[PDB]
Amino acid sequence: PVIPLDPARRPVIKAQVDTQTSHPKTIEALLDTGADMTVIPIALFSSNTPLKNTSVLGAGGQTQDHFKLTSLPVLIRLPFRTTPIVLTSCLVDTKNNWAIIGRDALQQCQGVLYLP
């Protein structure tokens, strides 16, 4: 659909996220054209699954251990999408519990930004 842009209303969408480490869960994710990679809350994984370390660009500069990387792909389903989005890797939020749909996912939705 068309998602209007308003500073007062975050552009969020409901997405079913399959971490492949527990049952799929529908969560509210922010549609973020500025995000190179999707961000998923660690609450969506098991506490017995391996994640890999890595640096990430963030609003505070550089955060070492805030974000982890997934080890298995993550499949993401949209309300209007029969087929799943498959991201070879995406970030995992071990603290803030952020849900961010980045450009990696938006590319597979054939999603675009339109400025009249």
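Residues carry their position along the shown sequence, with the first being 1.
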| query | finding |
| --- | --- |
| Mean temperature factor over C-alpha atoms, higher-scoring stretch between 33-41 and 65-73 | 65-73 |
| Stretch with the higher entry mean CA B-factor, where the candidates are 88-96 and 11-19 | 88-96 |
| Record-listed C-alpha B factor of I27: chain third | lowest |
| Modelled-residue ranking by C-alpha temperature factor, third containing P1 | highest |
